[PDB]
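Numbers and lists here come from the model and the stated rules, or from a named source; these are not laboratory values. Cβ sites come from the backbone with ideal geometry, for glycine too, and all protein chains shown count toward neighbours.
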Amino acid sequence: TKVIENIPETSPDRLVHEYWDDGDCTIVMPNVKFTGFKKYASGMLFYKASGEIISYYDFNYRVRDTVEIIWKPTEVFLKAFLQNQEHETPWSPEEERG
Amino acid sequence: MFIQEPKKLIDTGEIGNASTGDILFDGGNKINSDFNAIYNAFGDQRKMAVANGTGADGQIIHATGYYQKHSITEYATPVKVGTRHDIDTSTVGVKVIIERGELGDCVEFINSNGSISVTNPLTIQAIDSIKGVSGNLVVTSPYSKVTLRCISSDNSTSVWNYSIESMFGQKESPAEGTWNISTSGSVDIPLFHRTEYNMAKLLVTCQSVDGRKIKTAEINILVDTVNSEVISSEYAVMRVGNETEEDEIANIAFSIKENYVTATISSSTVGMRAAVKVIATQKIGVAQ
Amino acid sequence: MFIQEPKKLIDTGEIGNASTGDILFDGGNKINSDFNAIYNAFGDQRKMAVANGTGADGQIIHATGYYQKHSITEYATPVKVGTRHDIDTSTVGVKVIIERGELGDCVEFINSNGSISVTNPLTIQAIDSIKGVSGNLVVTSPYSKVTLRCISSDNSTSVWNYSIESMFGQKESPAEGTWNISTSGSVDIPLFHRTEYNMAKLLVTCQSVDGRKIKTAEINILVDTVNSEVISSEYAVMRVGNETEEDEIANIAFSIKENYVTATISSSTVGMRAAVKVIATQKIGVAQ
C-alpha cells in the first residue's frame, strides 16, 4: 500500500494535479514505483486515502514482487470530456401556418 | 501605513496527518502577517521600512498603543477606522479622509508636538457624514486629539459624532464628594493639600434629607499662601427651601486645616445633604 | 517588569526546502517571546513568575490594556516609554525614572487605590527634561493618572509635556450645542433629564447671523426638585451688538420640560446664533 499523497493545499512539490479547464478536467499523476512485494500480485488500486476508491488498475496479468507504471497519455491518466451534447431536444407535430 | 490583514488561522487537521512543511509553510505566512498588525498597531509602521518590525529596532507593543505617523500621501486615501495616528501639520494643513465607518467605529489621532494651527489646520472626511460637522471638519488646535467615533453606520450613512481634547494639562478636580450635614450641623472637609492650588472654584449644594431645603451658592476662592488662608467670594445665591433671606438652609465657611484647604459647611438644619464639588482650580508654576 | 524584545519574524525561505525542526526550533523562540510582550503589555507581568503567562492563570489581553504593577526596584531603573503602570505609593514615595524618549513617546501610569499622597508622593525622571517640570516631577494626587508624552526628542533633548487626570468622577456635560434663534425668536432646549443634576452651570452665547449682535451672560442655576423648577442667577452680563442696556440681543428663560431642565432662550432679534454649553454641573448622591 504505497501512497500518492500529501503536499496538500496545492503546494508546488506535489505535481499531482486536477486541472479543471477548457470545458474539461485534467488529472495528472507521476509514474508509480513498486518493489519488494515478495509475492504474486494482480491489478493495482488507487485508493483515495480519505476512503473509497478513485479507480482500478487491472494490471492485465499477474506479476510478482515489483511494479512500474507510467500513463502513456503522458502521466495524466484522465482527461474528462463534456463536449457538445444538449439533452432536451424532442420532436413534435406542428402547424406549418402559411 | 503598513496594511494589516484580519486574523488568519491555522488548520490543525493538517500537520501530523498531512505534509508537515507545506501546511506550515502556509502557517508562517499567517503568523508573520498576524503579528504584523499587532506590532504595526502598537508600534511605528515606519519600522517596517526597517527590518520589517524585526530585530531590536523592530516594532514593539505599547501598552499605551502607538499613534501611527505617516506621510499625507497615505492619508490621501480613506484611512481605516480603529487606527491611532500622530501627524503634525507644521508642514501644511492636511485632510485626513476616513472610510465610511460602522456604529462604534473609532478613529484616534493626535498632533504630539502640537504643530497644528490655522497655518497648520487639519481637514477630515469620514464618509457620508460627521455628526455636527457639515462637510469636512478642520482642526487648527495645537496639542489636540482627534477622536472620531461613528455613531451611525446603518446602510450608507456613517454618522460620526466628534470628540477632541487637549493632549495635556491639569484636568483633575481636587475635591468632589457628597455628605449629609451632621447632627452637629457642620463639618470640615479637606479640599486639597494647601499647596496644590492658588485658586480653586467649587460648588456646594446643601439639601435637606427630604430635599425640600436645598442650598446653593457660587463659590470662588483665593488661597492665601503666606497667611495660610483662603479668601472667598460668594454671590449669585440661590435657594429653594429657604425660610429666611439671610444665610439659610446651611452656611458655608472656609479654612485651611491639616495642610488642606478645609471648607466648614454649617447648617442649622439637621439632615442636610451637602455635595462638595470643586469644578475648577488654578495654581501658578514657573514663568514660561 | 518582564522585558520584551521587539517583533522578531520567521524565515519562510526555510522549512520545506531546509531542515524543518531547526528553522522551527528557532521560530518558536520568536513566537513565544513574541506573544510575551503582547500579554505582558495587556496583562500582569507578575504572571510570568506564574506559569510564564501560560495556563488559565496566564497573562490575558485587556482590550483596556493593563497598567503593569511592580516593585520600586524595577522602576529604580529608567523605565521605557509606551508602558502602562499601576503603582501605589502607600508604602512610600517613589521616583519613576524614565528613559530619554522620542517625540510622541508616551508613558502611562496610575495609582488605582489612590494611595498617592504627600506622604505617598511620586517622583519621575524622564531623561533631560519634562516640559513645565524643572527636575523631577512629584505626584501627591490620589487616584491620579500619570501620563507622560515626549513632545521633543531631537538629539539629546527629551521634552515631556505632562498630562495628569483624576482616574474617576463625573466629567460629562449634559448639554452642549449650538443653534440659531428661531423666526419665533426663541426655543426650548432639554438640558438634562430633570433628575440628573441638583446644580448645573452653563454658558449661552446669542450671536446675530452677521455676528454683530452677540449676547452673553453668566448662567448659574439651582435645579428645584420638589417644585420641578430651576432657580437661576445671572450676572456679569456682557454684550457687543447691544442696542439697549436692558435685556438685549436675546433673552434667557428657564423651565423644566419633558423631564428635562429646559432653557427657553428668546431673542427679539431674528437670526441669532445661540450656542448652549453646560460647563459644570452638580448632583447629590449618598453621604460618604
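List of remarks:
- For C:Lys95, the criteria (1) closer than 23 Å to C:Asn161 by Cα; (2) within 12 Å of chain B (Cβ to nearest Cβ) hold in every case but one, which is (2).
- Check on C:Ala63, assigned to a helix (DSSP H, G or I) and either within 14 Å of chain B (Cβ to nearest Cβ) or under 30 Å from B:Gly114 (Cβ atoms) (or both): no
- Once segment C:130-141 is narrowed to residues that are facing chain B (nearest Cβ under 10 Å) and of a type outside the set (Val, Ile, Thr), the residue that is surrounded by the most Cβ atoms within 10 Å (Cβ to Cβ) is C:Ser141.
- Single match in B:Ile38, B:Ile3, B:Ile61, B:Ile72 (criterion: of a type in the set (A, V, I, L, M, F, W, C), under 31 Å from the mean Cα position of the chain (by Cα) and surrounded by fewer than 14 Cβ atoms within 10 Å (Cβ to Cβ)): B:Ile3
- Criterion: within 25 Å of B:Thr64 (Cα to Cα), surrounded by 13 or more Cβ atoms within 10 Å (Cβ to Cβ) and assigned by CATH to the domain that holds C:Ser141 - qualifying residue of C:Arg46, C:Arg84: C:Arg84
- Which listed residue is of a type in the set (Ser, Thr, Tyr) and closer than 30 Å to C:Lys30 by Cβ, from B:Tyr75, B:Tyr66: B:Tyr66
- Cβ separations smaller than 6 Å between residues 6+ apart or across chains give the following pairs from segment B:208-231 residues that are under 25 Å from B:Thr281 (Cα atoms) to residues that are buried (at least 22 other Cβ atoms within 10 Å of the Cβ) and of a type in the set (S, T, N, Q): B:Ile214/B:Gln207; B:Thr216/B:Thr205; B:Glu218/C:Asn220.
- Taking segment C:211-229 as the range and being in a strand (DSSP E or B), within 14 Å of chain B (Cβ to nearest Cβ) and touching an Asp or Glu at 6+ places or on another chain (Cβ under 9 Å) as the test, the residues that pass are C:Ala217, C:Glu218, C:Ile219, C:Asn220, C:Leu222, C:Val223.
- Residue check, C:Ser156 out of contact with any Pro (no Cβ under 7 Å at 6 or more places or on another chain) and more than 12 Å from every other protein chain (Cβ to nearest Cβ): yes
- Unique match (being surrounded by fewer than 18 Cβ atoms within 10 Å (Cβ to Cβ) and touching a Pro at 6+ places or on another chain (Cβ under 9 Å)) among B:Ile116, B:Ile98, B:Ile127: B:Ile127
- Criterion violated by B:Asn52 - all others in (1) in contact (Cβ under 8 Å) with a residue 24 or more places away in the chain; (2) part of a loop (DSSP other than H, G, I, E, B); (3) polar (S, T, N, Q) satisfied: (1)
- Taking segment C:232-250 as the range and being of a type in the set (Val, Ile, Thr) and at positive phi as the test, only C:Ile249 passes.
- Matching residues, segment C:31-46, being among the charged types (D, E, K, R) and facing another protein chain (nearest Cβ under 9 Å): C:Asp34
- Residue that is surrounded by the most Cβ atoms within 10 Å (Cβ to Cβ), among those in segment C:185-199 that are within 14 Å of chain B (Cβ to nearest Cβ) and among the charged types (D, E, K, R): C:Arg194
- Enumeration of residues in segment B:232-277 that are in a loop (DSSP other than H, G, I, E, B), within 14 Å of chain C (Cβ to nearest Cβ) and small (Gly, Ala, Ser): B:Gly241, B:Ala250, B:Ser267, B:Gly271
- Matching option when the condition is more than 14 Å from every other protein chain (Cβ to nearest Cβ), within 30 Å of B:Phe25 (Cα to Cα) and outside any loop (DSSP other than H, G, I, E, B), among A:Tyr61, A:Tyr40, A:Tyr57, A:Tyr19: A:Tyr19
- Meets criteria (within 24 Å of the chain's Cα centre (by Cα) and within 11 Å of chain C (Cβ to nearest Cβ)) for B:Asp22: no
- Of the residues making up segment C:66-86, those that are more than 14 Å from chain B (Cβ to nearest Cβ) and under 14 Å from C:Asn111 (Cα atoms) are C:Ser71, C:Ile72.
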